[PDB]
Amino acid sequence: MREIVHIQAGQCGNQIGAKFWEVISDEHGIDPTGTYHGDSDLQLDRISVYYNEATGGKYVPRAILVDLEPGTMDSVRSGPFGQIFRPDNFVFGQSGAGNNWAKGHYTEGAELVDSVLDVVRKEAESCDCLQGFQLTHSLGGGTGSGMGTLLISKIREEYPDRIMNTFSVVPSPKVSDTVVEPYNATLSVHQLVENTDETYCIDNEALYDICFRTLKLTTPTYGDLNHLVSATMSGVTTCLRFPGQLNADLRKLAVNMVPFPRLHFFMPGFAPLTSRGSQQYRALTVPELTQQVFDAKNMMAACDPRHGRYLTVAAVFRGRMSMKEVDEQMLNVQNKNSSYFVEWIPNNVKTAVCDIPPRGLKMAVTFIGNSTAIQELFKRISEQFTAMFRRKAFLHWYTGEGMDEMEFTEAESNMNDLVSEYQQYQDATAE
Amino acid sequence: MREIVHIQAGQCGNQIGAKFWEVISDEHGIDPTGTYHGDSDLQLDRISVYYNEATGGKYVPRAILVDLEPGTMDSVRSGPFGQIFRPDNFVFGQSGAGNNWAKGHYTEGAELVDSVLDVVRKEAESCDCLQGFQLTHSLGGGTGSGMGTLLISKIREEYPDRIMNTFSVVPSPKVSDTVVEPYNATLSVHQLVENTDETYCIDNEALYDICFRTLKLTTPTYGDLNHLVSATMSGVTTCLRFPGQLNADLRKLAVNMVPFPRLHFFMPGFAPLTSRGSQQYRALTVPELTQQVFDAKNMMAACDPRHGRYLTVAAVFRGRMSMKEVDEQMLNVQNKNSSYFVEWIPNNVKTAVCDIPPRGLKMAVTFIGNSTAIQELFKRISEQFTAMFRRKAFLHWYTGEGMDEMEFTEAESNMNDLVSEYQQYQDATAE
Amino acid sequence: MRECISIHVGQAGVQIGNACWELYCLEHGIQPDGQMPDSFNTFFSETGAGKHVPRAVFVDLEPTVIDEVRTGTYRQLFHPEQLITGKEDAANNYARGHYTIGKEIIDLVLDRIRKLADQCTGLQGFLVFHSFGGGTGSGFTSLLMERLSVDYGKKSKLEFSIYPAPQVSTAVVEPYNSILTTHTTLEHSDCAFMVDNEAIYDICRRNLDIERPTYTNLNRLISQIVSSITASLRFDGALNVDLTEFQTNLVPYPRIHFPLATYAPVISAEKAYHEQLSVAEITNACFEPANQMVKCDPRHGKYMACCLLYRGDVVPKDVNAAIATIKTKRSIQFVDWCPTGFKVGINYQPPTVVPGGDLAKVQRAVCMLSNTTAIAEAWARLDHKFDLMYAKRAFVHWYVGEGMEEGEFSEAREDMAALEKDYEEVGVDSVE
Amino acid sequence: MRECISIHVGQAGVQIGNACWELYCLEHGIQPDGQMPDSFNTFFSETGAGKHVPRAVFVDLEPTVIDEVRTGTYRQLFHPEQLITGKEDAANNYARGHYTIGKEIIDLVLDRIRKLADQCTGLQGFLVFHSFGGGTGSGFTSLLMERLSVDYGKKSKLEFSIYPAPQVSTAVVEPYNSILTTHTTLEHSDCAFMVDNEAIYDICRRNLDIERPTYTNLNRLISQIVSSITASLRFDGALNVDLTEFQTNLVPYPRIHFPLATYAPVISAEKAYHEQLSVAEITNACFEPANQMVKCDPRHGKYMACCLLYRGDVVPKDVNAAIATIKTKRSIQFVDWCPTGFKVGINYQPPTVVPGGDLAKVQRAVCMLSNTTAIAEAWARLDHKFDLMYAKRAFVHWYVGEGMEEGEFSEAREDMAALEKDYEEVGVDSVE
Amino acid sequence: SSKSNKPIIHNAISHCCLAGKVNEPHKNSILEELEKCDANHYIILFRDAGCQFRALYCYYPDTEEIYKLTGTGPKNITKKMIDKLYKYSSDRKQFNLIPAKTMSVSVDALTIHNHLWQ
Ligand SMILES: CC(=O)O[C@H]1C(=O)[C@@]2(C)[C@H]([C@H](OC(=O)c3ccccc3)[C@]3(O)C[C@H](OC(=O)[C@H](O)[C@@H](NC(=O)c4ccccc4)c4ccccc4)C(C)=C1C3(C)C)[C@]1(OC(C)=O)CO[C@@H]1C[C@@H]2O
Ligand SMILES: Nc1nc2c(ncn2[C@@H]2O[C@H](COP(=O)(O)OP(=O)(O)OP(=O)(O)O)[C@@H](O)[C@H]2O)c(=O)[nH]1
Ligand SMILES: Nc1nc2c(ncn2[C@@H]2O[C@H](COP(=O)(O)OP(=O)(O)OP(=O)(O)O)[C@@H](O)[C@H]2O)c(=O)[nH]1
Ligand SMILES: Nc1nc2c(ncn2[C@@H]2O[C@H](COP(=O)(O)OP(=O)(O)O)[C@@H](O)[C@H]2O)c(=O)[nH]1
Ligand SMILES: Nc1nc2c(ncn2[C@@H]2O[C@H](COP(=O)(O)OP(=O)(O)O)[C@@H](O)[C@H]2O)c(=O)[nH]1
Ligand SMILES: [Mg+2]
Ligand SMILES: [Mg+2]
């Protein structure tokens, strides 16, 4: 039934997932207990993609929650939608990663990786046909960049022909939250571009502005940012667990999207985003949902799509609609924006239509970008790496954990190899 | 009706049996008085395997309780399910074995053995067709190792065509409870490799971790460890006295499980083992009960089955289920673990299914192992025997009771003969 | 007595077949349950208790769209053995429908086909519905047409492709999947029919005045073509053409076997009035460049062999009228070496309208199938959509990693450039 | 006037016989009391009052499985002198069921058989239901076929063995038992029918769509085969075949007398529709390499002799239609020295379905008994499982200690070595 | 850049056929020679249908060269001497059945006839 395992790690991944399992349980009518109370059987025809049936009609999420300090795991266990999990899954250490890549990948990560994989191995056994692994982590924190990249390198030795999609949270350009997070991002891109088939890239700088401008909110708590992120996370797999006219999955959104095996960093986007009272001023039509999508003011990754060009584009729509409009609107926003799409990939917009709206809406669009627009996002972090490495400040908290000075010279040479390929295809033209 | 006689030697055997007859009597609806209060007559079609009917509808256990100090006997008689026994059976001396083997087998054991055997001779006369004798003793104490194997060598002179399954308790690797329990165990394996057809070896080291991790308990009393051993103890004879699709007695479990007349030290296993609250997060299916069994974290003998290889395997299921699933899961855990099973015994998984579950569940598995995985259990004791023999400490408590020094050299050469044969079949392969 | 079976590979074939097998049950009065309150023996093998079941095989690689049919209105009709699924679909990947996944269950398909030929004494031909887009529709069909030509050989084989549109595209590697599947199907298929999605949106908007159709309303039109090609087997008319008679009257060379289709009349209920719909009129509805179902200009090429399939209440004197006026007209240019370019069937059945439909009730109809030179531009297009996505080696590593030669693509296009030149070879006229 | 009795050794025979004798009491209207609201004198010796009691001896060494029969629904039917029990089961030990425990009550069995032959004027044959695994079914039976061949000699003696599966095993010393119980039944039986469990689990899952069957739902299938061999002694057929006729048409050499049964149709209640089930169809269900109830490949070996046992509303022209198509086919290879390879039986009874059952109600059915070469591969397996255990002398000491020679095994394998070479002796074709 | 099954065979020997610590000296006797052959495809020869490991091959497509690297058995096999086709499910860590009979890159293990062992 093409089951998906949902591994989480870090402080960011758990709080995303603690809203994400709140998000999925409304699409299937699951209470805080775990017993079904929905309406239609389409919630239960493909209920097994994210769940295991328990004795007595209960359901449990196929979720594996990993941390190194027990603070966040107690927080999810105390809140609502927290008792629904399996208590055998909450793997945690007693030390804390200490906002450190080396301590979460060499020192404390190498002692608590075994108790993780032995439950990952157990959750793979309950599956009939394993579709793949989705992982939710950071790239700036200590855990989600070190312990997260350990659970990919250990899994791809074990499940080499399975799709491995992380939904990382990229550090933001202007605001920060960590002094050494340029060091943590350079050490993870070495581990992500070789073992993950695709990686959705999310900023916070791009995510506050949508809460301010388009949503028209004044006080965005993280429970309202992750509330917005988890709409995209459900929107990708909703074509794998619902009937549609034209269908997609976690695999069709990997062959249609990644033209070269290194260039697989995606930038999401969602629409509609109304306000509390401004919902009654716009028309809820397929030509209206498209023009909200292809703006630069709705992309959740803080970069300009107008700088650089698209390579592939997926537009996973939802709700009931008409297939002529979708085949025309995607033509319409390719001809008027014919300098934004690349030349040597003709007709590059992968369409996917589900038949089921989100619970309460009428139609909605999940957008999956793939561009050269994220070439400066890696050019930015590689510049924040370069200044802090010439003075080699903050180095002794990494060197003292068994890490050599050559390893920073490798990944920065590796990241300039990534930037050189986006510049290679941005100017590559055919004759 | 294939009657079984239950002897209880030592302190530990009197405390397993004081819970064991509490365990049996709920499978037959028996009050503390001895009268019947159950519901289904299937409790009473084979009630005469363990019980002698008394006048007025009562039933007494066919049980014989042997000790030397009279302390534990009063504890059984004062406690509940104590008056159900026969007051003629409580045979005991007045000295106490004093945690000494030569005192309990030669000195004090040779003065109370005749008062025991005359009741053993009496209990056999009430039986129609005697199936065999089950014994319940330690391997570390003075009584259950000295008075116990005295009763075996007398009985096997008396009843040569009878199966004799002592359910021994083996000392633990890390924690101990007796300074000279390497001495009291090397002297008893000399008697047990020659006179008992099978011997279920049980540790305490692996038995706490099952109480700690799988059961999720904080303070496990002996009334919660012996509560777990007594579940296995009834489950071996759970199909000798109840109908089933495929049947097993104490004799079928002796022919299929014993490839060679010396290699007959077994190791148990049980499933399901839930928690108080985590009973509602796992599925109760026959493929789920199988994978719980074949872990190394559920074998009550403190040794890894992944060290060493299996020779034969029994699996005495209970409850109502489907015979296809069992015959596929026993095939399933043989192909993926074909390195663990030995090659020159093809399709070595004996199967048995009762029709009656334990009182309250739906299905359950009792497991019997037979492995080379206990080659280091004897290698551990024969090393602690050897190093305490070079300085020959604690010897005058044995020599002064009438024992020669050659007998220690004999039993040590006996046990290294046993370890050498487990090593022989572990590496012998056919072509 | 002349039995014909139908395989539906891919998602495109099944939802077309949902529109198809709904339509035959409406013609013959067959209930969805299988009951009915004698010539229809070609698709519906009956049972001792009267319950007719179709001759269908719905093969797929993902279980998604099959479960809609197992729970839909026509659950009771189909034989539940027939519905073959898998676990992971090929997922827009030719290299997974022909080397990895479809290989695993190719024996389950052919064995069930083997249990359908044996009830048929007069086995006529095949009807494989597929697309060119997806991996299942293009990779498993290229596997299945290989196996049946080895198994049977003599039998007629018909495809109903969903050709990829020139301007609308719902996939990214869609020109990779066609060149791989056309290289394979060229020597095993025998008369493949081309239907686009884009040109039906032109018809559904203009001629029908529906601004918002669906795949549902695009498959009611393709159901009317398939019902009318096989309208001469299932019924009795003044002049009945056969499925073996199409592959003679339409195939001038063993390579060129791509006729495109056209249905007429396609008018709404309001425009069902206000005009008269004569046989002298509906024939001229077919030869327009705006009424085709493949986005090509027929005035840029030459018709090699037309084939009109009239039905309903048509008088054959008017067919002498409506045809003889056409090859006197100037713009419709046939081929100079072919002085005779028609093959006509007149049947006694009007086309039946499905309830809850969009088309009008008419008393006459025509399903023109026409072979022409004008599809050479539609093959000159995908070769331009091939060399751009291959010069950069785009999307290759998803194909190499499933048992494929990376030098196979240069060979597969080489067996398209020859087919590119053959339409130009035929289209010129050798004098003397 | 032709009476045939049935013995039930072991746990496997009694639980099969529970499924047997329940099924006959439905074919004839017999109550569980023996009452009924007459050609069934073959199995039911009646009483002066209205009561029919069976001709069955339920012998066992443990009293466990017998107490179900003495307390179940058919308590009143049987005769309480028949139900011979013992004290201790043979306990997966051939050397206990033949030298030690079975020797004790072998006289009470033969005395009770003696009182059942005396009510029979025209005594026909013997039926033994026994496994090969357990000690009773393989060790007490090998004593019992020895005794009845001395007591009677001339009468036909049929077994219905349970062959041990190539992949599923519920015992450990099970290849020790099957070699010893084949050394003895080879010369004192007549026609041992082979039935496996593993092949029925495939039939219970694929052809029946039941994911979780039981020994109950397996024994409903072996009851139908037994009720099809002996349905010609119990009804008025157009072409009846006797138990004295199966010994002749199927046994070309006195060593080779091991056929393997096959039943058809085996379909669920919902797939009872959707297909027509004529005798040109259900015949091809039998010769599949996927419907045989022994896990062997019939495409590897050659059928020496088939024996089709039709029943129901079957017409012997269509039988000639069904059989003549078969030995024109290429994959089925009959043996070259044998030009005739069939034996047909038509009876006028549809198969009767037990309530609370799983097989659907059909109006025609077939058992197929056939002596193929392909079981030589199944005998090649038990010599390979023998030599991996005897070379290390595993499990020998439980057999030596009950009256056995340590060289008796190597003598008994030498019997199986000669029996292995006899199938390959026959499967070749001596020309000229 | 091509297709291989070396990370699958390395995964399969180390976890399903030679997983226990008994065969750990024997696992190193075979695994160290696998890093040296330049074959793209490999395939595992069992003995029975119970899939006990005894031999390892290397397979060359378009020539069907089935040369033997480690284990005991014949040097080369053909399509005549085959019984069953296995595939290593990385999901289950268990060799399943392929109902087909064509030896391709998705096929990971096989069984030969009983005639080749007597
Ligand atoms: C309302 C209800 O269904 O309660 C159950 C129950 O909640 C659970 C949690 C029980 C419970 O067991 C324990 O909590 C436990 C405590 C200490 C050591 C080991 C276990 C139960 O206490 C134990 C008890 O077991 C029995 O009744 C069996 O017959 C069992 N009996 C005893 O162990 C026993 C206990 C006290 C006095 C006398 C006998 C048995 C098992 C094998 C062989 C013979 C007997 C059961 C089903 C229950 C309770 C009451 C809560 C479980 O255990 C057993 C052995 O069944 C633990 O996981 C299982 C799953 C059960 O569902
Ligand atoms: N006319 C029509 N075209 C359809 C329909 N469904 C899909 N298509 C077309 O089919 C093509 C996509 O191929 P699919 O059939 O969906 O893919 P598939 O055969 O399932 O293959 P995979 O999903 O890759 O395994 C596109 O050109 C769609 O427009 C339909 O109902 N009608
Ligand atoms: N088909 C079928 N096989 C059965 C049944 N019961 C047992 N068997 C098979 O019989 C074999 C075991 O032999 P048993 O008959 O139980 O043993 P036994 O004859 O009683 O001999 P002992 O118990 O050793 O004295 C195994 O292969 C079982 O699968 C049944 O109801 N149906
Ligand atoms: N979107 C989002 N980002 C968060 C959340 N919590 C933390 N982050 C971001 O995660 C980063 C800090 O990493 P963190 O996961 O807490 O560290 P770790 O626990 O060592 O992995 C910062 O960039 C935070 O902005 C959250 O709930 N939502
Ligand atoms: N499982 C279990 N072990 C016990 C119990 N009581 C004592 N033991 C063990 O028995 C050993 C001591 O032997 P003991 O029987 O008291 O001495 P004896 O009376 O001279 O035979 C130690 O290993 C104890 O852990 C009990 O109730 N349960
Ligand atoms: Mg598909
Ligand atoms: Mg028995």
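Numbers in chain C track Swiss-Prot; the residues on display, in order, are 1-37, 47-441.
Technique stated in the header: electron microscopy, 3.7 Å.
Cβ atoms are placed via backbone N, Cα and C, with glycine included.
Features reported for this protein in Swiss-Prot:
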type     : residues                                                                                        : note
ACT_SITE : C:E254                                                                                          : active site
BINDING  : C:10-12, C:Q15, C:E71, C:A99, C:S140, C:143-146, C:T179, C:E183, C:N206, C:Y224, C:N228, C:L252 : GTP binding site
BINDING  : C:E71                                                                                           : Mg(2+) binding site
MOD_RES  : C:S48                                                                                           : phosphoserine
MOD_RES  : C:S232                                                                                          : phosphoserine
MOD_RES  : C:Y282                                                                                          : 3'-nitrotyrosine
MOD_RES  : C:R339                                                                                          : omega-N-methylarginine
MOD_RES  : C:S439                                                                                          : phosphoserine
MOTIF    : C:1-4                                                                                           : motif 'MREC motif'
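Counting only the Cα atoms, the space from C:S140 (GTP binding site) to C:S232 (phosphoserine) is about 15 angstrom. The separation of C:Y282 (3'-nitrotyrosine) from C:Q15 (GTP binding site), Cα to Cα, is 32 Å. For C:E254 (active site), the nearest of the recorded positions C:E71, C:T145, C:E183, C:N228, C:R339 in terms of C-alpha separation is C:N228. Close to C:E183 (GTP binding site) in the fold, though at least 6 residues off in sequence, lie C:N101, C:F141, C:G142, C:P173, each with a CB less than 8 Å from its CB. Among the binding-site residues listed (C:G10, C:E71, C:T145, C:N228), C:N228 has its Cα nearest to the Cα of C:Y282 (3'-nitrotyrosine). Annotation note: the residue listed as 'active site' sits in a helical segment as assigned by DSSP. Summary for the recorded positions C:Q15, C:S48, C:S140, C:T145, C:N228: the Cβ-based neighbour count within 10 Å is maximal at C:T145. Using a 10 angstroms CA-CA radius around C:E71 (Mg(2+) binding site), the recorded positions that qualify from C:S48, C:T145, C:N228, C:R339 are C:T145.
A straight line from the CA of C:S439 (phosphoserine) to the CA of C:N228 (GTP binding site) spans 42 Å. Most Cβ neighbours within 10 Å among the modified residues C:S232, C:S439: this distinction goes to C:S232. Note: the CA-CA distance between C:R339 (omega-N-methylarginine) and C:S232 (phosphoserine) rounds to 33 Å.
Checked against C:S232 (phosphoserine) by C-alpha proximity, the recorded positions C:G10, C:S48, C:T145 yield C:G10 as the nearest. The recorded positions near ligand 2, defined by a Cβ under 6 Å from one of its atoms, are C:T145, chosen from C:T145, C:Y282, C:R339. Least packed by the Cβ count within 10 Å, out of the recorded positions C:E71, C:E254, is C:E254. Around C:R339 (omega-N-methylarginine), taking its Cβ as the centre, 5 other Cβ atoms fall within 10 Å, counting all chains. Residues C:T145, taken from the recorded positions C:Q15, C:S48, C:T145, C:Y282, C:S439, are distinguished by a CB atom under 6 angstroms from ligand 6. Rounded to a whole value, the Cα-Cα separation of C:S48 (phosphoserine) and C:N228 (GTP binding site) is 26 Å.
Measuring straight across the break, from C:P37 to C:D47 at the CA atoms, gives 13 Å, with 9 residues left unbuilt in between. Long-range Cβ neighbours of C:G10 (GTP binding site) (same chain, at least 6 residues apart, Cβ-Cβ under 8 Å): C:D69, C:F138, C:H139, C:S140, C:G143, C:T145, C:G146, C:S147, C:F149, C:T150.
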